[PDB]
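Chains as they are written, first to last, in the entry's author numbering: chain A, 154 to 188; chain B, 154 to 188.
By construction, the Cβ of each residue, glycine as well, lies at the ideal position given by its N, Cα and C atoms.
The structure under discussion appears below in the form of C-alpha cells.
2 protein chains.
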Amino acid sequence: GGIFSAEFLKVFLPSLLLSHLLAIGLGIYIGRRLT
Amino acid sequence: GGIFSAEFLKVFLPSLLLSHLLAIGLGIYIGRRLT
C-alpha cells in the first residue's frame, strides 16, 4: 500500500466527493435561477 | 520523492479542474430542467 494511505486517503477520498457533489449543487442553483 | 509523483501530477492537477468544471455542468443541465 501507500505510506500515508489512511491519513492521505482520509483527506482525499471525501475531499473529491465534496468537490464533485458541491459542483453539482452549483449547477442546480444556476439552472433553477434561470426560469 | 515518490514512485509516480511526476507522472502522477501530470494527471492529478488537471484532473481536479476537469472534475469541478464537468460537475458544475451536470448541475446546470439538471437545474435547467426543473420548472
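For residue i, three-class secondary structure by DSSP
i         : result
A/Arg-186 : helix
A/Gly-178 : helix
A/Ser-172 : helix
Sub-9 Å separation of residue i and residue j beta-carbons
i         : j         : result
A/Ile-181 : B/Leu-174 : no
B/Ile-177 : A/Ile-183 : yes
Unbroken alpha helix (DSSP H) run spanning residue i, endpoints
i         : result
A/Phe-165 : Careful: A/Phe-165 lies outside any alpha helix (DSSP H) and carries neither H nor E.
For residue j and residue i, believed in contact at Cβ under 8 Å, the rounded distance
i         : j         : result
A/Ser-168 : B/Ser-172 : Not confirmed; about 11 Å, so no contact.
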